[PDB]
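Worksheet for the structure shown next.
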Number of protein chains: 10
Amino acid sequence: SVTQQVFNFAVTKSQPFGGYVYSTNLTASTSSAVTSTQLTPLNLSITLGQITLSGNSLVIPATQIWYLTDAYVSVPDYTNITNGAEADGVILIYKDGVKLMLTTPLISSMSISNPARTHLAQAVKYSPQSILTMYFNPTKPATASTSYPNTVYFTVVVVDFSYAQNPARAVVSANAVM
Amino acid sequence: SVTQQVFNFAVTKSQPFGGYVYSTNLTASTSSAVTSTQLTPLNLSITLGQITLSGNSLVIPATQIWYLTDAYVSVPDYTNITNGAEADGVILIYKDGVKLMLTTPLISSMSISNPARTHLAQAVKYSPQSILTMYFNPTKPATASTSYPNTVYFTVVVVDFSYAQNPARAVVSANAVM
Amino acid sequence: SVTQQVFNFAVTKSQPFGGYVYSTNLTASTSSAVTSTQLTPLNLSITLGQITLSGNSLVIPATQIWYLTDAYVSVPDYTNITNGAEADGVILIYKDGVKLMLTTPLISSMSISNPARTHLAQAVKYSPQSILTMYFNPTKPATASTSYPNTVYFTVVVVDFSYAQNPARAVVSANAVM
Amino acid sequence: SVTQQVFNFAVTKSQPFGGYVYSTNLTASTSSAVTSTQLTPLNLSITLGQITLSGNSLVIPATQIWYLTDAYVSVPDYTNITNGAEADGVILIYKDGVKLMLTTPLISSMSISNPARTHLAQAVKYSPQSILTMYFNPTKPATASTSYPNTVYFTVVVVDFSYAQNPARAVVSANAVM
Amino acid sequence: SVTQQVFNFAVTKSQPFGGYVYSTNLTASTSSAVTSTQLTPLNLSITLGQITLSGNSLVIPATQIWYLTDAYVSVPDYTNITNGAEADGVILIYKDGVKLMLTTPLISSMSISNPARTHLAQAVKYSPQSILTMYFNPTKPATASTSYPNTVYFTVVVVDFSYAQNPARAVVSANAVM
Amino acid sequence: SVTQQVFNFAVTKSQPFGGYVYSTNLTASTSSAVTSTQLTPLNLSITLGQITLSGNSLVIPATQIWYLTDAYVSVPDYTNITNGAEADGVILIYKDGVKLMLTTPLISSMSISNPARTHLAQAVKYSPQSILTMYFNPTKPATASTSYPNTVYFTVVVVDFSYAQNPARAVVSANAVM
Amino acid sequence: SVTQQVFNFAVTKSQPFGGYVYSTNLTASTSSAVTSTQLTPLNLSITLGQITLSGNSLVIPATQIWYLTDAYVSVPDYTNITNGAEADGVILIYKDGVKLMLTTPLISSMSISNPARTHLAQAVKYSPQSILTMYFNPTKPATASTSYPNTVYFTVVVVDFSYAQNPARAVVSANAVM
Amino acid sequence: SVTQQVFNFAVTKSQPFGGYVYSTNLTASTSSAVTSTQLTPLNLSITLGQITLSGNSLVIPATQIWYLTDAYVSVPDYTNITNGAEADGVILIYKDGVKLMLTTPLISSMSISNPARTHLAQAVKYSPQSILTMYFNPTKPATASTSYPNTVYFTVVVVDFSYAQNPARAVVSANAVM
Amino acid sequence: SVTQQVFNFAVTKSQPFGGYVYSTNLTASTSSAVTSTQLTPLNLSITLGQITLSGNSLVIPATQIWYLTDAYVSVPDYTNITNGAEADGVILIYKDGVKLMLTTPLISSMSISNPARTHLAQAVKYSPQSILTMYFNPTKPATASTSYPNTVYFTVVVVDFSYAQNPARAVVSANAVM
Amino acid sequence: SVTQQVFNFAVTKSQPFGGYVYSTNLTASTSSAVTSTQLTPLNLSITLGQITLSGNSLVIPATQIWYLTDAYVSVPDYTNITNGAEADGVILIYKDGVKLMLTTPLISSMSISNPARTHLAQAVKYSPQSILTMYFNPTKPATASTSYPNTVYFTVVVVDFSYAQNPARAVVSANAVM
């Protein structure tokens with residue numbers, strides 16, 4: 001229960017400034033059968049409104065604070081990994097292009113069917129506007145024919161301040177406190 | 001796992017005002033084999049009245065307070081997902097047609113056959129009349145021929161107030177305290 | 001003189017607050033030759049501006065109070081019941097789906113061709129918006145070929161607060177006085 | 001004709017203790033073509049949730065107070081009484097197996113096609129658990145060949161107490177005043 | 001400059017209580033080639049969440065105040081009305097299913113292809129929960145073969161309150177002063 | 001661990017008045033291959049003295065307090081649902097024939113051969129003498145030849161009071177103090 | 001953790017009088033392919049000093065206190081039940097041959113591999129000298145050829161006073177408090 | 001003259017701090033013949049020093065304040081829409097990529113030749129540095145061969161503070177006032 | 001799962017006396033395919049300097065305090081149990097050859113492929129020199145031809161005191177407080 | 001949730017001194033087909049700026065504090081261990097070339113394909129420069145032809161002090177607080 005402490009913290013702290021906390025899914029898709037070297041995953045986040053913030057390098061909006069909490073891999077993707085239908089490796093998580101903060105431990109290991117699934121080391125906080133980007137470093141790449149792209153799901157805790165009041169003073173006071 | 005706590009919370013709070021607490025079954029089902037993009041699941045709720053509330057966008061009746069707690073996916077759906085007979089993805093939960101408050105974590109991973117079947121994080125409140133509506137965001141959609149529609153069953157805790165002295169004044173006094 | 005007593009009671013109580021009191025013929029028709037089990041009549045009320053509120057489980061408009069007072073059965077229905085061209089049985093009357101208030105005593109004996117037609121037990125009031133569903137539990141069903149659906153006419157005293165100077169909370173404020 | 005006075009006597013007296021008043025249908029039927037002497041009618045009451053109490057000597061459940069108010073005989077019995085296809089006579093109504101409380105006035109004269117349809121004198125109150133049994137004492141028995149059994153329908157006012165704060169001390173305090 | 005006045009009137013009153021004023025587009029479509037009598041169009045608003053709130057008789061949720069302010073008909077519709085490919089007529093705009101509020105002047109004449117098209121008479125507000133429903137009363141129906149359904153677009157100013165600090169009585173406090 | 005909390009709660013309250021708390025097993029059997037509509041399962045409990053309280057509409061004895069706590073389905077029943085040898089559906093639980101208590105979520109999904117089966121929502125109490133009745137509302141019914149009746153096992157915590165110093169009213173005072 | 005709450009309770013109370021607390025495994029094995037009616041399983045406990053208390057109806061020695069805490073079925077025994085190679089059923093647990101205290105919920109359900117496995121209802125204290133005996137009431141008996149016996153394991157927390165200073169007044173002083 | 005109320009508002013408030021106010025024309029051009037679903041147009045502003053801020057997602061510099069005042073469609077584009085040579089639809093206007101503020105009413109309607117052209121709903125203030133993006137959700141897409149891309153013109157009032165003494169302290173004192 | 005709680009208990013308490021805490025692996029293996037009765041496993045521990053204490057009934061060195069925490073069974077052993085190639089049963093743990101201190105819960109249920117893998121209850125503290133012997137009590141022994149010996153691995157925490165200022169007087173004061 | 005315990009300890013203890021905490025995947029691989037005796041796996045850690053500390057017996061750089069936390073084995077290794085393509089065994093973990101602090105429990109049981117993977121005993125911290133060496137002590141070595149090297153992945157938390165205003169003596173000053 002590492003997401004739930006973040007959720008209770010975002011509910012408790014962002015309430016007096018006026019703050020709308022919810023949780024969503026982010027999909028990292030490394031397309032087109034990675035087999036040789038380090039590639040770049042297509043990020044795709046779904047916030048309120050069906051905006052579908054897609055493509056590489058999702059800039060956080062100037063009124064929100066994001067919290068990347070956990071990540072996992074779906075069970076047919078794990079079946080494709082262990083049979084050599086798609087590549088295994090790690091995912092490096094960057095902030096503002098320079099700051100490496102996490103390396104996901106070997107995405108074959110974080111299958112959701114295992115109760116002994118290894119998690120991320122920490123829930124990474126993204127401030128107002130900053131460049132979230134990820135990279136896929138493959139070890140033991142895809143070998144068999146008819147290969148499939150890689151997909152890794154993340155869980156984001158979005159704390160919104162845009163609909164509250166003048167959102168600038170609220171978001172800077174909240175990012176100072178929490 | 002939260003469905004036993006919000007039931008026990010609903011019983012001990014509505015008793016100063018008088019009220020049913022009971023649980024029903026909600027079925028959300030997208031029509032006809034989602035393969036491309038975001039579709040709409042058809043909600044179908046049954047209540048004590050032997051009355052179906054079909055179609056999209058169910059309206060909560062004027063004296064009830066619902067609670068959306070958990071969800072699960074049966075085994076004949078989960079064998080269709082891994083064989084590519086139907087689409088994976090998440091399900092978005094809207095209130096009043098504007099607000100987004102949850103995203104169900106990857107309907108393959110809340111299947112009844114996964115030993116780590118995941119639950120929903122927190123229960124969704126619904127006051128007197130408001131518009132519950134849902135949307136299905138497909139990631140890795142259906143590819144195989146002779147595909148099948150999705151079906152994801154939910155669990156709603158219903159707090160009826162029809163047996164009080166006046167059901168209209170009682171339900172607007174308990175909606176503030178619960 | 002049971003319709004005229006609650007009509008006179010409504011027009012003396014809803015009159016200081018503004019009340020458009022009138023009567024309406026309601027129709028409930030269980031469709032297509034009921035022969036085995038518990039069926040469902042399709043409700044129909046013909047309200048003031050010729051709007052035909054149809055379908056099962058009529059939802060009461062937000063500014064109205066209804067009063068189900070009488071029930072009868074036409075002569076071409078009753079001459080078909082005794083010949084086995086349609087089914088007998090009772091009719092259950094619900095409120096919010098959960099509260100049973102009446103059971104109509106044997107719609108063949110509520111016919112109008114008999115000079116001592118039996119009446120209902122009580123006039124059941126009906127608040128602002130609240131569901132009204134009816135259920136048909138047939139005993140001695142239809143036997144002969146070329147059968148016909150049932151038709152049971154009711155008679156409802158409608159109170160209406162739409163054209164007064166106050167919203168849908170003054171309707172409830174004048175409902176608890178009654 | 002007495003059903004409307006005792007129903008308003010129930011919804012007013014059983015209201016400060018919490019009381020859910022509604023009406024049902026009871027069917028008494030002597031089996032197998034009464035032609036000589038004292039017969040026994042087979043009672044059949046139908047409470048809400050398809051609770052079919054059957055057989056002779058029904059017992060009132062420990063949360064309800066019954067009232068037996070009126071009776072009627074349908075027309076194809078009354079056209080069989082006058083032709084000697086079934087027996088005439090009265091019906092004796094017992095309580096606790098000891099007291100004789102009423103005698104229904106000549107079941108041929110309570111037919112639904114009599115312009116002077118005779119009703120019952122006063123409604124007989126039934127407390128929690130108490131045996132309601134009936135008896136049929138035929139005068140002018142059945143004489144024609146191919147006879148038919150008798151059927152006399154009743155109408156019961158049921159005062160349920162399942163929704164009070166204390167369903168046991170509410171009944172034994174409301175039985176004293178009603 | 002009629003919708004720009006009620007949009008400015010909303011943002012001067014939704015400011016002290018919180019509130020999210022935004023403009024939408026409502027699409028009423030009488031399906032499948034009306035040729036004889038009065039039909040019912042399928043109302044379909046598109047809110048912030050790309051919510052296809054479909055079906056007849058939309059319900060305004062408990063935290064929103066709508067304003068129906070405009071109507072127009074596109075050019076490919078208007079070339080079909082004059083050609084006899086779909087029906088002409090007016091559209092009745094009902095509140096709660098009871099009140100008639102307005103009547104549109106002859107939907108072929110509020111086309112957008114003409115430089116001085118007709119307008120509505122007043123901007124109809126809608127309070128918290130009320131049933132917005134419409135009806136299409138055809139005059140000069142479709143005559144030739146391969147006919148088309150009607151479609152008439154509207155323009156709604158929606159005053160939302162779901163993101164306020166307590167969206168339960170802020171919407172009933174601002175409904176008074178507006 | 002759901003029965004083990006309501007068991008320890010029962011032995012904590014019923015001990016200073018005397019009380020024989022123990023656990024039984026109840027078997028509900030929808031007879032002979034349901035394929036169309038709502039049917040009636042045969043309740044069959046086994047109390048201490050090999051007394052088989054059978055038949056529909058069980059009456060709880062006057063000296064016992066039952067607790068319905070758990071439900072599950074054996075493996076050769078669950079392999080009959082998936083092959084179409086018996087019907088799926090839900091189970092409605094009515095207390096006193098009026099009050100609905102719960103609705104079991106889809107008896108194929110509380111099978112015991114799955115590692116993550118679903119649970120009930122709350123432990124239902126049943127007072128001194130009361131009528132427990134159940135109904136099986138089938139969805140996706142049986143289709144194959146040589147079909148079988150349904151069977152769903154429960155688990156009852158029974159608080160017997162027959163061996164106290166005076167077992168007449170102590171069973172209801174200890175019912176109310178819980 | 002029901003066994004751990006008794007183990008931490010036994011070492012707290014039996015410590016000042018001096019008392020050896022440890023856990024063991026009691027094996028009730030119904031002999032040779034139960035197929036028709038009620039059987040009697042051979043209990044077999046393994047205490048400390050190389051001794052094996054076998055046979056039915058184990059007499060507890062006068063210096064020990066036993067606590068029957070949990071019950072489970074091994075995985076190769078669960079495979080034999082679901083294939084019909086051995087019988088299913090429940091287990092009756094008696095004290096002094098007479099008092100029925102528990103009934104195990106359907107031993108096919110309590111397979112140790114499933115994490116959602118229903119346990120015993122409560123940890124049963126067995127006093128100094130007092131007979132422990134069990135019975136196996138089968139339902140769905142063994143059908144297949146080459147059938148097998150039944151085996152259900154148990155976990156007993158055993159408190160011992162035989163090495164104390166005065167084994168008479170240590171037991172009767174610790175049986176009261178503990 | 002909604003721009004002239006804004007242009008005379010900008011030259012009055014930004015004058016004590018020193019600030020350049022002028023108007024320009026922003027071009028939203030969906031590329032290459034939208035025919036199926038939602039696309040994204042390329043914003044293209046023309047600032048002072050001969051630059052063309054092309055590409056999606058215009059970033060406001062840290063010294064400027066923008067105002068989106070009206071919208072229209074050129075007459076050769078309105079000829080191409082009504083003849084089916086390019087697509088019709090609405091346009092969504094976002095602030096910070098998330099907050100929807102307007103939905104332009106059906107861009108075929110706002111042709112500059114009609115005097116009865118529906119304008120933009122409101123003049124949107126775009127704060128300092130903050131993403132501006134637009135989307136085009138088509139209805140009745142382009143059908144005819146040799147189709148053309150879309151173009152929708154906008155009028156932007158640019159308030160500029162880059163020539164003050166301190167361009168940091170000038171904006172943050174005038175963004176609060178204006 | 002108890003390994004991490006006893007490890008920090010050692011490195012906190014044995015640290016003021018001078019203490020060197022680490023972990024190792026113990027291998028217990030009964031030879032030659034147990035099929036009849038109680039067997040003896042060959043203990044084999046590996047301390048740091050390849051100190052291979054082997055054979056039955058190991059002796060603890062005079063400056064260490066051991067801790068036996070968990071145990072596990074690998075999958076090529078678990079597929080031999082369910083195929084009948086090696087025996088099931090529990091393992092009894094003695095200290096000084098006299099006291100029985102623990103019983104490992106059914107080594108087929110301690111396997112590494114059980115999603116509910118059972119651990120040991122409490123770690124058994126082993127002082128300086130104290131004969132650690134184990135025994136295997138087989139229930140349902142091996143039946144198939146070509147059977148295999150058992151192998152059950154353990155986990156030992158060793159608290160060494162070889163580096164204190166007086167290694168003999170340090171243990172006898174640290175064993176007294178740990 | 002053992003990696004996140006020392007990661008949260010690192011980010012709150014190295015924060016007043018200035019410290020950039022992140023995670024890193026480590027690799028240890030015994031080269032070229034271990035078959036008889038004790039071998040040596042080649043360590044390989046990739047710190048963020050693509051400098052690859054390789055070879056046996058890594059030296060920690062002067063401004064970093066490491067924490068060796070997790071270990072696992074990928075699935076193409078675990079299919080090779082059980083099939084005799086590479087060796088089983090344990091791994092010993094040293095520090096400063098003198099201290100043994102861990103032993104991994106039989107790396108084939110530390111595989112990731114099993115739902116009950118066993119973990120390490122404790123998170124081993126690592127000071128500024130101190131040699132980190134590992135040794136492979138195999139049991140049951142490689143048997144089959146075409147054998148493979150071993151690979152065991154780790155997970156290390158790296159604390160980095162490169163951005164402070166103090167040289168490498170603040171690092172050991174923050175090693176004195178941790």
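Going by the structure tokens order, chains are called A, B, ..., each with residues numbered from 1, while ligands are numbered from 1 in the order shown.
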Fit target chain G, mobile chain C, all Cα in order, as a CSV table (one decimal) with C-alpha atoms, in the first residue's frame:
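Result file follows (out28.csv):
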chain,number,residue,atom,x,y,z
C,1,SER,CA,-2.4,-15.0,12.6
C,2,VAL,CA,-5.1,-16.9,14.5
C,3,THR,CA,-2.6,-19.7,15.6
C,4,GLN,CA,-0.2,-17.0,16.8
C,5,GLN,CA,-2.9,-15.2,18.9
C,6,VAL,CA,-3.8,-18.1,21.1
C,7,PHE,CA,-0.2,-19.2,21.3
C,8,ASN,CA,0.7,-15.8,22.6
C,9,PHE,CA,-2.3,-15.9,25.0
C,10,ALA,CA,-1.2,-19.3,26.4
C,11,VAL,CA,2.4,-18.4,26.9
C,12,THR,CA,1.5,-15.3,28.9
C,13,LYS,CA,-1.0,-17.0,31.2
C,14,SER,CA,0.6,-20.4,31.8
C,15,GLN,CA,4.0,-18.8,32.4
C,16,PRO,CA,3.8,-17.9,36.1
C,17,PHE,CA,2.7,-21.5,36.9
C,18,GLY,CA,5.3,-23.1,34.6
C,19,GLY,CA,4.1,-24.1,31.1
C,20,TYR,CA,5.7,-25.9,28.2
C,21,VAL,CA,3.8,-24.4,25.3
C,22,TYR,CA,4.4,-25.8,21.8
C,23,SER,CA,2.6,-26.7,18.6
C,24,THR,CA,1.7,-30.1,17.1
C,25,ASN,CA,0.3,-31.3,13.7
C,26,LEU,CA,-2.8,-33.5,14.2
C,27,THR,CA,-4.0,-36.0,11.6
C,28,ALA,CA,-7.6,-37.3,11.1
C,29,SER,CA,-8.0,-40.0,8.5
C,30,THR,CA,-11.3,-41.6,7.6
C,31,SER,CA,-10.3,-45.0,6.3
C,32,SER,CA,-11.0,-47.0,3.2
C,33,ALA,CA,-13.0,-45.1,0.6
C,34,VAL,CA,-16.1,-43.7,2.2
C,35,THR,CA,-19.0,-44.1,-0.2
C,36,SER,CA,-22.4,-44.3,1.6
C,37,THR,CA,-22.9,-43.1,5.1
C,38,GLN,CA,-21.5,-41.4,8.2
C,39,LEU,CA,-18.0,-42.7,8.9
C,40,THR,CA,-15.4,-42.1,11.6
C,41,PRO,CA,-11.9,-40.6,11.2
C,42,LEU,CA,-9.0,-42.2,13.1
C,43,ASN,CA,-7.3,-39.5,15.1
C,44,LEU,CA,-3.5,-39.2,15.5
C,45,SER,CA,-1.5,-36.6,17.4
C,46,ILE,CA,2.3,-36.7,17.6
C,47,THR,CA,3.1,-35.5,21.1
C,48,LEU,CA,6.5,-34.4,22.4
C,49,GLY,CA,8.4,-37.6,23.1
C,50,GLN,CA,7.4,-39.0,19.7
C,51,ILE,CA,4.5,-40.9,21.3
C,52,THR,CA,1.8,-41.5,18.6
C,53,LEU,CA,-1.6,-41.3,20.3
C,54,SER,CA,-3.7,-43.1,17.8
C,55,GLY,CA,-7.1,-44.7,17.5
C,56,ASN,CA,-10.6,-43.1,17.6
C,57,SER,CA,-11.5,-40.7,20.5
C,58,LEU,CA,-8.2,-39.4,21.7
C,59,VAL,CA,-8.2,-39.0,25.5
C,60,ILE,CA,-6.3,-35.9,26.6
C,61,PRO,CA,-3.4,-36.5,29.0
C,62,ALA,CA,-4.0,-35.5,32.6
C,63,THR,CA,-1.6,-32.6,32.6
C,64,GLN,CA,-2.3,-31.0,29.2
C,65,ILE,CA,-4.5,-28.4,27.6
C,66,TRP,CA,-5.1,-28.5,23.9
C,67,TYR,CA,-6.3,-25.9,21.4
C,68,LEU,CA,-7.6,-27.0,18.0
C,69,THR,CA,-6.9,-23.9,15.9
C,70,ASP,CA,-6.5,-24.5,12.2
C,71,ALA,CA,-7.3,-27.1,9.5
C,72,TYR,CA,-6.3,-27.7,6.0
C,73,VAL,CA,-6.2,-30.3,3.2
C,74,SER,CA,-3.2,-31.2,1.0
C,75,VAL,CA,-3.1,-30.8,-2.7
C,76,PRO,CA,-3.0,-34.5,-3.6
C,77,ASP,CA,-6.1,-34.9,-1.6
C,78,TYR,CA,-7.9,-32.0,-3.3
C,79,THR,CA,-7.0,-33.1,-6.8
C,80,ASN,CA,-8.5,-36.5,-5.9
C,81,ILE,CA,-11.7,-35.0,-4.5
C,82,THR,CA,-12.6,-33.1,-7.6
C,83,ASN,CA,-11.9,-36.1,-9.8
C,84,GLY,CA,-14.2,-38.2,-7.6
C,85,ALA,CA,-11.4,-40.4,-6.2
C,86,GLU,CA,-12.5,-39.6,-2.6
C,87,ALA,CA,-15.4,-38.1,-0.8
C,88,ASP,CA,-16.4,-34.6,0.1
C,89,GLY,CA,-18.4,-33.6,3.2
C,90,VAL,CA,-18.1,-31.8,6.5
C,91,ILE,CA,-16.4,-32.8,9.8
C,92,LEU,CA,-18.1,-32.6,13.2
C,93,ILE,CA,-16.0,-31.9,16.3
C,94,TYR,CA,-17.1,-33.2,19.7
C,95,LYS,CA,-16.1,-32.8,23.4
C,96,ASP,CA,-16.9,-35.5,26.0
C,97,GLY,CA,-18.8,-37.0,23.1
C,98,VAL,CA,-21.9,-34.9,24.0
C,99,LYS,CA,-20.9,-31.4,23.1
C,100,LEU,CA,-20.7,-30.4,19.4
C,101,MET,CA,-18.6,-27.2,19.1
C,102,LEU,CA,-17.8,-26.9,15.3
C,103,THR,CA,-18.6,-28.1,11.8
C,104,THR,CA,-15.9,-27.7,9.3
C,105,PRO,CA,-17.1,-26.1,6.1
C,106,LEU,CA,-16.6,-28.6,3.2
C,107,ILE,CA,-13.1,-30.1,3.4
C,108,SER,CA,-12.8,-29.7,-0.4
C,109,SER,CA,-13.0,-26.0,0.0
C,110,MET,CA,-10.6,-26.0,2.9
C,111,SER,CA,-7.9,-27.1,0.5
C,112,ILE,CA,-4.5,-25.3,0.4
C,113,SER,CA,-4.1,-25.0,-3.4
C,114,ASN,CA,-6.8,-22.4,-3.5
C,115,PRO,CA,-5.5,-18.8,-2.8
C,116,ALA,CA,-8.5,-18.0,-0.6
C,117,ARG,CA,-8.8,-21.1,1.6
C,118,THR,CA,-11.6,-20.8,4.1
C,119,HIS,CA,-10.9,-20.9,7.9
C,120,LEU,CA,-12.6,-22.3,10.9
C,121,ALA,CA,-15.0,-20.3,13.1
C,122,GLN,CA,-13.1,-20.4,16.4
C,123,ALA,CA,-10.2,-22.1,18.2
C,124,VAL,CA,-11.8,-24.7,20.5
C,125,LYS,CA,-10.1,-25.2,23.8
C,126,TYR,CA,-9.7,-28.7,25.4
C,127,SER,CA,-9.5,-29.3,29.1
C,128,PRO,CA,-7.4,-31.8,31.1
C,129,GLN,CA,-8.6,-35.3,30.5
C,130,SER,CA,-11.7,-35.2,28.2
C,131,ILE,CA,-12.6,-37.1,25.1
C,132,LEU,CA,-12.0,-35.7,21.6
C,133,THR,CA,-13.9,-37.6,18.8
C,134,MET,CA,-14.5,-36.4,15.3
C,135,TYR,CA,-17.2,-37.5,12.8
C,136,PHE,CA,-17.3,-37.3,9.0
C,137,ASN,CA,-20.7,-36.7,7.5
C,138,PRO,CA,-20.1,-37.0,3.7
C,139,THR,CA,-22.0,-35.3,1.0
C,140,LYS,CA,-21.3,-36.2,-2.6
C,141,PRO,CA,-19.3,-39.3,-1.9
C,142,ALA,CA,-16.6,-41.1,-3.9
C,143,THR,CA,-17.8,-42.4,-7.3
C,144,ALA,CA,-14.9,-43.7,-9.3
C,145,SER,CA,-13.0,-46.9,-9.0
C,146,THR,CA,-9.6,-47.1,-7.2
C,147,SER,CA,-10.6,-44.7,-4.4
C,148,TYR,CA,-8.6,-43.4,-1.5
C,149,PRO,CA,-9.2,-42.6,2.2
C,150,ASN,CA,-9.5,-39.1,3.4
C,151,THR,CA,-6.8,-37.1,5.2
C,152,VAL,CA,-7.5,-33.9,7.0
C,153,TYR,CA,-4.6,-32.2,8.9
C,154,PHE,CA,-5.2,-30.0,11.9
C,155,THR,CA,-2.9,-27.8,14.0
C,156,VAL,CA,-3.1,-27.9,17.8
C,157,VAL,CA,-1.4,-25.6,20.3
C,158,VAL,CA,-0.4,-27.8,23.3
C,159,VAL,CA,0.1,-26.5,26.8
C,160,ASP,CA,1.9,-28.9,29.1
C,161,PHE,CA,2.2,-28.8,32.9
C,162,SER,CA,4.0,-32.1,33.5
C,163,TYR,CA,7.4,-30.7,34.2
C,164,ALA,CA,6.3,-28.1,36.8
C,165,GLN,CA,6.5,-28.9,40.6
C,166,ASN,CA,2.8,-29.6,41.1
C,167,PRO,CA,0.4,-32.5,40.3
C,168,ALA,CA,-2.6,-32.8,37.9
C,169,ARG,CA,-4.7,-30.4,40.0
C,170,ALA,CA,-2.6,-27.4,39.2
C,171,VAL,CA,-3.3,-28.1,35.6
C,172,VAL,CA,-7.0,-27.6,36.2
C,173,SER,CA,-6.2,-24.6,38.5
C,174,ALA,CA,-4.4,-23.0,35.6
C,175,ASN,CA,-7.2,-24.1,33.2
C,176,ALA,CA,-10.0,-22.1,34.8
C,177,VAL,CA,-7.9,-18.9,34.7
C,178,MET,CA,-7.9,-19.3,30.9
Legend entry - In chain G, DSSP alpha helix (DSSP H) residues written as JSON, numbers by chain: {"G": [3, 4, 5, 6, 7, 8, 9, 10, 11, 12, 13, 75, 76, 77, 78, 79, 80, 81, 82, 167, 168, 169, 170, 171, 172, 173, 174, 175, 176, 177]}
Legend entry - stretch 20-143 of chain A: residues DSSP assigns to strand (DSSP E or B), reported as a ChimeraX atom specification: /A:20-30,39,42-45,53-54,58-59,64-73,89-95,99-103,111,124-126,131-138
